[PDB]
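What follows is one structure encoded as structure tokens, with my remarks underneath.
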Amino acid sequence: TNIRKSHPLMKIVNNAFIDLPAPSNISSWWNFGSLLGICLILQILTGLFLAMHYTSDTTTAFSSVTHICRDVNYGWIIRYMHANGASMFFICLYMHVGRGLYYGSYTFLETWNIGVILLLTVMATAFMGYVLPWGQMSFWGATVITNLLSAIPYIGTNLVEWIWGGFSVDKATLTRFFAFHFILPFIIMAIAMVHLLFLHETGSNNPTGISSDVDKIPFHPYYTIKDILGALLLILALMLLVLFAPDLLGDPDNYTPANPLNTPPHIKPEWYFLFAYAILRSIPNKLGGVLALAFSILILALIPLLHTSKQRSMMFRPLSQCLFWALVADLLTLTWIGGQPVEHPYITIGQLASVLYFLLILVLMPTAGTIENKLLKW
Amino acid sequence: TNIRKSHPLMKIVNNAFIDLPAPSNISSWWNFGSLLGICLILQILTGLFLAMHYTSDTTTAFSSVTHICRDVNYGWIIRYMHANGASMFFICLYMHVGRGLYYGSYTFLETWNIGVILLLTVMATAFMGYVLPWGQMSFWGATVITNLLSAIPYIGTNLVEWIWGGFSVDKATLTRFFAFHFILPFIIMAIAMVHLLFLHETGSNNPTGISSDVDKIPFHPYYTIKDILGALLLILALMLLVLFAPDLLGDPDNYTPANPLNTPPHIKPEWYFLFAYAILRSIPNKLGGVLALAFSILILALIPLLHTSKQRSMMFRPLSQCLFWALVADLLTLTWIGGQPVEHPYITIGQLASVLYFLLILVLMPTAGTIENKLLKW
Amino acid sequence: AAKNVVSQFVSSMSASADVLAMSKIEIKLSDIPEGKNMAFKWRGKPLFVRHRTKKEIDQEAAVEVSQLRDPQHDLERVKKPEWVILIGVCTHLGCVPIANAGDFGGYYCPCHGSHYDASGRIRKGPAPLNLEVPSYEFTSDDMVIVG
Amino acid sequence: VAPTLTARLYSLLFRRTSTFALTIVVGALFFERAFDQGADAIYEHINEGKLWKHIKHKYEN
Amino acid sequence: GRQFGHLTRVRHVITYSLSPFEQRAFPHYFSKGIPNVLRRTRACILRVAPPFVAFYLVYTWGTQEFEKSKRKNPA
Amino acid sequence: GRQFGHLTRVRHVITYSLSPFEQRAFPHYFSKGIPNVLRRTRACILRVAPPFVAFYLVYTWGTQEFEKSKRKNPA
Amino acid sequence: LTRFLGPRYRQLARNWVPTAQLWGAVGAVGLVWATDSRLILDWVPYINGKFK
Amino acid sequence: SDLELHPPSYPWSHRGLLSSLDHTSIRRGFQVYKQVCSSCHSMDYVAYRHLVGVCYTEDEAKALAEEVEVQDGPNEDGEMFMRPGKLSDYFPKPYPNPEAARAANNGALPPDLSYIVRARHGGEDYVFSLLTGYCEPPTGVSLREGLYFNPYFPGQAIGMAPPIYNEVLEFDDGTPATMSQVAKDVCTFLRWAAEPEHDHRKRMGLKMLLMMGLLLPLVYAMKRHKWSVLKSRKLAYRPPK
Amino acid sequence: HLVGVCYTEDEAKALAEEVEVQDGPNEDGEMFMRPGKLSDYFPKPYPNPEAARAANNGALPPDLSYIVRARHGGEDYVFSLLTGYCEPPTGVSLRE
Ligand code: HEM
Ligand code: HEM
Ligand code: HEM
Ligand code: HEM
Ligand code: HEM
Ligand SMILES: CO/C=C(/C(=O)OC)c1ccccc1Oc1cc(Oc2ccccc2C#N)ncn1
Ligand SMILES: CO/C=C(/C(=O)OC)c1ccccc1Oc1cc(Oc2ccccc2C#N)ncn1
Ligand code: FES
């Protein structure tokens, strides 16, 4: 007998990576699922070798990072690998979610909903990870975001001061953010395992949104070799950044130690939080800010209940295709506005893009799907 | 339909904790399996709250631990909970292994062999964990044990200096030992999951070593309530230590900061390493020391191949019962000798107990099993 | 039992006795002349100590009651007209303003934009309430503890 | 006492899992007050005078 | 999870396949390839591009208006 | 993993059981209990105790001999 | 949405209403006790002992 | 030089399963630390605020803090000045340098007094016996007057001169400052200066025992209830003809 | 750090010796001064952060390790800030 089938451990590996029936027709857009797994592993392996040298105290928090890049044998290679890997992880999360939205993959209720939890968890990780170098942006990003929790009625101030370990982002905040940054990726991996458990129940969706049962191919060797080529492309993009442009996606203020008395001229996230940073400053209210900020990601959990089309995919849906690309361009608008100051043209078009994001998901795309049905007499 | 059976997540919980067919007759000696899981969780929850305040640098490594016990709100409760939880984990590991040996549970080849890997991993964790306070015993325990790797031919000195990050247990060693101490318990939990996967394949063994298929009872509520009572007893023993005798199982030298120039009068482990510490000093050779030291635990992997009896359990085996208790008493002899100086009576009886441990497992117990067979005409 | 352990682990995050004792800090009332600002770390976020001179006090009491976002007088915001004790962080997101060289009375925020006067009441910019002010009590005129 | 204290406790409060949970929750509140203070009172007797709460009146203003 | 042999009912469909060692990997890579990419660009430029071109205009104008707002010709 | 209904073949065995609400938890706790623990102590004291009693002697002698070894009556 | 609107469902709601009310009481008293929420706990006689 | 003596068990008012520390004895002991040891022995881990609500009032602890010149951080100019001590300040260290303790004592280093009844075997009994049992050297062994004689010391030669003699200052309480009463009070204070949690852990420890005494039989009865289905089960085997 | 990069081992040792670096605890208990070894950091002119303020202008001169990565434009900015030092235009008083 074939031991791939009988053996309790190898049974899982066979059912997950080898003999799994996969659609014949899945795009390069299906590659990001494996790439996210590579990115989570890459982050664990670079993150650990950083933790072997990193100090968790405000005194030499900045100095240990310096010690890594300067003195530690190839420490600079690991450090920029981790910092760019975090961005790589975010380019992938976004392609993956977008693919899910375009192709109707969200109709896998549990898989998708576990993915929403997965997105929030990687976000929470990166936010806490950024504080660790204890640069100007590390501290000032932390103070500008945590202080939002003050706006919650009654519970508010008590929560912030509980997360803070005092009355500001201080000694204790740097230390606990490291603890939480160390544990979270493992809790991510375990949730990513449960994510895949729920996916294997139905198998993968495909670019047409029609069932692929009539034309299933084994994961090995077709999607084994396609995931190898895809990972070679992700290493290319990651190593282009680490070995030619290591400071491109980062902020220069993080190269000066934290100073709670001196606020920087600009307070900007890394690109992956810019869209959400824009939404926040767009609404003048304190609480309305955080409530629009949570709704910025939590909205993805509503998307399945706002599916209106008789068809699964957008492949045969031109009205929905335009309104999809409008969402991507609108998010690119919010990205641009996030990295810009709060003056004249930017306040208006910033909040214009902000109201559009929510209108496009909640009202506009569910209307296009209904019209598209009427056009097919459906 | 019952959702406990159909639902992909709840399916596992049902098959593992609820509807699992368990033997009617399993002793309190079967409780330690669940208790080890409680101990691994307890260590993760106390360990994390310590990591929120602990500093990984030689400067304030000792001071952060002090800060926890003195200033941090109920920090002293968490600290002694973690230190005694580690010992609790070790009392349980030992009962569990002993139970496995007595009752012939080792014939579950993979389950047991994964357990040997599980024992080594918890040992490696505790060893690295002890260095973290950076006390006199923390440093001097580290230097006295790592320096053994020098005795490996050709590879030797290069290995120690690679684990060290220099030429002694220094700044770098404290930092990397924290990184490895943070990651290992998660890798333990994942191996503990695979451990249980292999156990469920056969189900549990029982005090008779005869099959329990004819008299299986559901895990819930019988072993649910029996594991609750057992955990209430483990919390009693743990909280007796933490809240009446927090310094009982610990060494006083750890209450003075590390000093690489001043060696303490006695160099002794916590009780759980004393038996193995004795074996090491018993053999005068450097390499023979480490090779007997590795063989001290790695021997458990040979135990299944040294099973000679026609019966599984020791329940009906009096010759083997005496030679078993001889092993427990002999290990208690090695425990006693470990915590004693290397002078006159202790050198001889120390190495006497050491040769007995290996003779009892390799030669004596496999002979008793053969004789017991002859006595039953088998 | 579960309440207690859950509470104890919860409490291990909220305070830290060594941080809680640094909640009240001492500053000199003789070091600073009229108008000038001082830099000192109170609770973590910068403490601003402004001395109000004769050509500034009367300006604040002249601006009308029902003009700002929340109805709050200048007379009730200070224990004595001679000295004003300030907290150097905005009520919006929490940013340290460039002092003295402002527009509407001294203060201006370089984060997003907030116009504050001699007491720190919001004149221009998307901020909900006035600048933060601590508790007041006296024993000597040259030394005060921010209780 | 005509039907047992346990019999009337089952009839009124243990039948429904709702009122069973409510009796546990309400019973947990009232137990915490009687226990915490009751055990503190016992701790007073074995450490009579030794504690700061007994000394307090010595150093007043 | 489902495996092969338990997926679905399919009837009367013949699939002819060739060994990878009998056939070339890139049959007509540029001759058939180039026409194909142009064809599926053409099939989608009206759905993908008009939001990005709209962003580009909202970006180009916005940046222009930001610069020419602080400066003033009279006092 | 195996579940109930797939474990083994059992024939002609009647099991009589009582509801936990009809029966007492501690039937004869001390009257039946105390005799039982003494019985299974007696059944095992000859296998458990003689290695520990042997350790106790090797411990008691060893500690004694350690103390009386450094001291000496003549020079 | 429209499928759950009928006489049986009104009966089914009426049947589970005392139960869903009592779980609210469990949740509330549960939250009040676990946080030591002083606002509500100032009203109850024996629990009152926390004199400032 | 090799042979040793272990301390006996003195009946401390705190050593006992549910026995809280004598706070008056801690108070007296702080004074015994304040004049005697503080000019030779560091206490780097205890602050003045630690004493608040324990042995002294808030007003009392502030007054004791002001009595020292503590070196404060950066001023407006760029130099280090001296100010009266606040509650948040640590207990003042007599030697800023580790080797400065050597040249200004004997050559031997006096160890930190925060954590000492937990850093030496026997605990407070040892420190009490080392102070109390200072005696004259036996014949054959020359003392060498850079190393005083003590039997309780591991090597029999200690660089510390006995700072425990009848009356080294008095107390607010009408208490005679005899050698034993001087030595007891430091030891009862050093217990608190190594284990501040002492009183609290004995308190929750009683609550632990009283809870387990209620919970252990109760969970047992729960398990015994469910298991009675199996414990009273009866078997009958009825094979065919 | 300079060794094998811009200077030889012998050259870098010679440049290190040119400063009085404050060494740690001696046999007596005081801090002495010795000629610099290779392992020593580049010497800091102000031991206190506020000592830079009073001995310059009141404004703080920032650390030069990490500066072409700490200011936008990089080395171009620092080159232009040095190179492009010019006289103030009318209406704006410089304040010396
Ligand atoms: C307060 C009267 C006081 C105590 C108590 C005390 C204890 C003490 C110990 C326990 C040690 C050594 C640790 C050990 O047991 O191995 C020790 C060390 C020295 N001491 Fe001391 N000490 C007290 C106060 C004083 C005072 C006032 C002086 C100066 C007269 C002093 C001196 C020293 C010296 C020197 C040492 C180091 C020598 C050595 O024991 O090796 N102590 N102290
Ligand atoms: C922690 C990062 C994540 C990892 C490691 C991960 C893992 C993967 C993997 C391996 C697949 C199968 C291959 C593929 O189709 O791409 C997949 C598919 C899927 N994931 Fe994720 N994912 C993550 C993030 C997300 C997020 C953020 C969402 C939703 C907000 C999501 C929802 C889905 C869905 C719906 C599919 C099904 C796609 C399909 O086959 O049609 N996942 N995931
Ligand atoms: C979910 C995967 C992870 C993500 C998304 C992530 C994200 C980040 C980010 C954004 C930074 C700051 C980048 C920088 O300024 O250089 C950072 C740094 C850090 N991370 Fe992670 N990380 C992850 C995994 C981990 C793990 C598993 C560890 C612990 C083994 C870890 C330990 C560190 C440390 C010590 C730093 C500080 C050193 C430094 O800034 O280079 N990371 N991480
Ligand atoms: C990381 C600590 C460990 C955990 C969490 C763990 C977990 C458990 C659990 C839950 C069980 C089932 C309940 C029971 O029979 O006790 C069990 C049984 C078993 N374990 Fe472990 N175990 C660990 C350590 C070990 C070690 C060190 C060994 C062998 C060197 C071992 C080998 C076995 C075997 C042979 C059984 C089967 C016992 C039987 O049912 O007859 N385990 N384990
Ligand atoms: C496999 C379970 C674990 C074991 C057996 C273990 C063992 C130990 C031991 C023996 C010590 C030294 C005891 C002492 O002197 O107080 C220690 C301390 C420490 N452990 Fe763990 N631990 C485990 C889980 C963890 C985890 C998961 C973390 C990280 C979240 C962690 C972080 C720490 C830290 C920071 C300390 C130093 C603070 C202190 O000494 O109290 N431990 N651990
Ligand atoms: C500690 O600051 C970390 C930052 C970071 O990692 O940026 C990528 C950061 C830096 C500068 C300014 C703000 C920063 O943090 C953040 C955090 C943040 O969190 C979210 C991200 C997505 C959706 C919602 C939220 C929230 N709340 N959204 C925007 N900026
Ligand atoms: C850093 O020292 C940590 C120690 C520790 O955690 O003891 C419980 C320790 C303290 C004092 C002296 C030695 C110490 O370490 C150890 C480590 C050790 O490791 C093993 C344990 C079991 C079996 C084999 C080995 C090996 N090698 N065996 C004995 N002592
Ligand atoms: S926080 Fe000051 S204007 Fe934004």
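Readers should treat all values here as calculations from the given coordinates under stated rules, not as data from a laboratory. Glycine gets a Cβ as well: all are built from the backbone with ideal geometry, and neighbour counts include every protein chain shown.
What is the distance in Å between the Cα centres of the range H:2-80 and the range A:181-211?
58
Give, in whole angstrom and from largest to smallest, the semi-axes √(5λ) of the equivalent ellipsoid of the range A:99-195, with λ running over the eigenvalues of the Cα gyration tensor.
Equivalent-ellipsoid dimensions as semi-axes: 30, 16, 12 Å.
Going 7 Å from the Cα of B:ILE347 along its beta-carbon direction, which residues of the range F:48-75 have the amide nitrogen within less than 17 Å of the resulting point?
Only F:62-63, F:65-71 pass the distance filter.
Please work out, to two decimal places, the log10 of the ratio I(q)/I(0) at q = 0.11, 0.17, 0.22, 0.23 Å⁻¹ from a Debye calculation in which every Cα of the range B:205-288 carries one identical scatterer.
So the normalised log intensities are -0.67, -0.93, -1.14, -1.17.
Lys and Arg at +1, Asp and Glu at -1: add these up for the other residues within a Cβ distance under 14 Å of A:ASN373 and post the number.
Local charge sum for A:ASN373: +4.
Report the label-to-label distance for C:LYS80 and I:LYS44 in nanometres (one decimal), using points 7 Å from each Cα along the Cα→Cβ vector.
4.0
Quickly work out the G:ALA34-to-D:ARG33 label distance, labels modelled 7 Å from Cα along the C-beta direction, and quote it in nm with one decimal.
My value for the distance between the label points is 2.1 nm.
Which residues does the label zone of H:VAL168 cover in the range H:96-129, counting backbone N under 16 Å from a point 7 Å along Cα→Cβ?
H:105-106, H:110-114, H:127-129
Just to confirm a number: summing +1 for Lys and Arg and -1 for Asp and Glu over residues other than D:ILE55 whose beta-carbon lies under 14 angstrom from that of D:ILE55, what do you get?
-2
Assume the label is 7 Å from Cα along Cα to beta carbon: what separations in nm does B:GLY37 have to the matching positions in the other copies?
The answer, with the shortest distance listed first, is 2.6 nm.
Residues of the range D:11-31 with amide nitrogen under 19 Å from the 7 Å Cα-to-Cβ point of G:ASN48?
D:29-31
Quick check: convex hull over the Cα atoms of chain F, volume per residue in Å³, rounded to an integer?
Considering the Cα atoms of chain F, their hull volume per residue is 301 Å³.
Let me make sure I get this right: for chain I, a, b and c are the square roots of the gyration tensor eigenvalues over alpha carbons, sorted descending. Under 1.5 in a/c it's rounded, otherwise prolate if a/b > b/c, else oblate. Which is it?
oblate
Measure out, as a whole number of angstrom, how far apart the alpha-carbon centroids of the range B:340-365 and chain G sit.
67
Whose Cβ in chain E comes nearest the axis that rotates E onto F, and by how many Å?
Residue plus distance in Å, as requested: E:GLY1, 8.
For B:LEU359, place a label point 7 Å out from Cα along the Cα→Cβ vector, do the same in each other copy, and report the separations in nm, one decimal, smallest first.
Listed shortest first, these distances are 9.1 nm.
Would you order B:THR367, D:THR19 from fewest to most other beta-carbon atoms within 10 Å of each residue's own beta-carbon?
Exposure proxy ranking, most exposed first: B:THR367, D:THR19.
Listing A:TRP30, C:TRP83 from the residue with the fewest other Cβ atoms within 10 Å to the one with the most, what is the order?
Least crowded to most crowded, the residues run C:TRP83, A:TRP30.
State, to one decimal in nm and shortest first, how far the label point of A:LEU306 sits from each corresponding label point in the other identical copies (label point: 7 angstrom along Cα-to-Cβ).
6.7
Calculated FRET efficiency, C:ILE27 and H:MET179, Cβ-Cβ r, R0 41 Å, to nearest 0.05?
0.30
For n ≥ 4 DSSP H runs only, could you compute -39500 (n - 2.57) per run for chain A, divide by its residues and tell me the 222 nm figure to the nearest 500?
Theoretical 222 nm ellipticity from helices: -21000 deg cm²/dmol.
In whole Å, largest first, what are the principal axis extents of the Cα atoms in chain C?
62, 38, 27
Is it possible to state the helix-based mean residue ellipticity at 222 nm for chain H, with each DSSP H run of 4+ residues giving -39500 (n - 2.57), the sum divided by total residues, to the nearest 500 deg cm²/dmol? What is it?
-10500 deg cm²/dmol
Given the DSSP H assignment, sum -39500 (n - 2.57) over each helix run of at least 4 residues in chain D and divide by its residue total; what's the result at 222 nm in deg cm²/dmol, nearest 500?
The helix contribution divided over chain D gives -20500 deg cm²/dmol.
Taking loop as defined by DSSP and a crowding limit of 13 other beta carbons within 10 Å, which chymotrypsin sites (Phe, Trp or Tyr not before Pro) in the range I:24-96 fit?
Those satisfying the criteria are I:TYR41, I:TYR85.
May I ask you to list, by number, the DSSP H helices of chain B whose Cα span along the axis is at least 20 Å and whose average Kyte-Doolittle hydropathy reaches 1.0 or more?
Qualifying helices, which must be both long enough and hydrophobic enough, are B:32-51, B:109-131, B:171-200, B:219-244, B:318-338, B:344-359.
Can you run phi through the Karplus equation (6.51, -1.76, 1.60; θ = phi - 60°) for the range C:72-85 and list ³J(HN,Hα) in whole Hz, with x for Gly and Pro?
9, 6, 8, 5, 7, 7, 9, 6, 9, x, 5, 10, 10, 9
Could you calculate the FRET efficiency of G:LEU41 with H:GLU66 from 1/(1 + (r/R0)^6), where r is the beta carbon distance between them and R0 is 35 Å, rounded to 0.05?
The calculated FRET efficiency here is 0.30.
Report D for chain A in µm² per second (integer): Stokes-Einstein, Kirkwood Rh on Cα pairs, 4 °C, 1.567 mPa s.
57
What distance in nm lies between label points placed 7 Å from Cα along the C-beta direction at B:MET189 and F:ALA75?
7.1
In 10 Å bins starting at zero, report the fraction of Cα pairs in the protein assembly as shown per bin as a rounded %.
1, 5, 11, 16, 19, 18, 14, 9, 5, 2, 0, 0, 0
³J(HN,Hα) across the range I:22-39 via Karplus (A = 6.51, B = -1.76, C = 1.60, θ = phi - 60°), whole Hz, x for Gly/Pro?
For the range I:22-39, the Karplus curve yields 5, 7, x, x, 8, 5, 8, x, 9, 9, 9, 10, 10, x, x, 9, 4, 5 Hz.
Taking the range H:184-241 as the region of interest, what is the percent of Cα-Cα pairs per 10 angstrom bin, listed from the shortest bin to the one with the maximum distance?
All Cα pairs, binned at 10 Å, distribute as 17, 20, 17, 15, 12, 9, 5, 3, 1 percent.
Given H placed on each backbone N at 1.01 Å, which residues far from H:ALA119 in sequence or on other chains put an amide H within less than 5 Å of it?
none
If R₀ is 25 angstrom, what is the calculated FRET efficiency for the pair B:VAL214 and H:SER232, using the beta carbon separation as r and rounding to 0.05?
0.80
Explain nothing, just the number: dipole magnitude of chain A about its Cα centre with +1 on each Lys and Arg Cβ and -1 on each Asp and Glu Cβ, in debye rounded to the nearest 20.
740
If you wrap the range B:1-98's Cα atoms in a convex hull and average its projection over all directions, what's the area in nm²?
9.8
Compute the length gained on full extension between D:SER11 and D:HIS45: take 0.36 nm times their separation in residues and subtract their Cα-Cα distance, giving the result in nm to one decimal.
Taking 0.36 nm per residue and subtracting the Cα distance, the gain is 8.1 nm.
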